[PDB]
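Cβ coordinates were reconstructed from backbone atoms using ideal geometry, including for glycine residues, and neighbour counts include every protein chain displayed. Bear in mind that the values in this text are calculations on the coordinates, not laboratory data.
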Amino acid sequence: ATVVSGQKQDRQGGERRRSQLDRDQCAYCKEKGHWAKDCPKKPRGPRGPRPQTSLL
RNA sequence: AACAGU
Ligand SMILES: [Zn+2]
């Protein structure tokens, strides 16, 4: 015999389709004030800004 | 994955 399972459907709080992602809420760390594109927890690298060293 | 918003 086994008694273990999950079956329930209930949720509160309004939301279109992106949690409480405020227009001024970072969608990365969840910090309000800065945008994800400006998240201080964003990645960086690899250090080496060299797309194409042309000669002209 | 941590971008759910050019
Ligand atoms: Zn952030």
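Results, tabulated for the structure shown:
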read-out: Farthest toward positive dipole pole in chain A [+1 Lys/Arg, -1 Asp/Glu at C-beta], among A:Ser19, A:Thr2, A:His34; value: A:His34
read-out: Total formal charge among the other residues, if their Cβ is under 15 angstrom from that of A:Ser19, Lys/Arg +1 and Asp/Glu -1; value: +3
read-out: Square roots of 5 times each gyration tensor eigenvalue, C-alpha, chain A, largest first, Å; value: 43, 20, 10
read-out: Net charge over other residues, Cβ less than 14 angstrom from the Cβ of A:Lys42 (K, R count +1; D, E count -1); value: +2
read-out: Euclidean distance between Cα centres, segment A:1-30 to segment A:33-48, Å; value: 25
read-out: Magnitude of the charge dipole, chain A, Cβ model with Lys/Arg +1 and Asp/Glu -1, debye to 20; value: 220
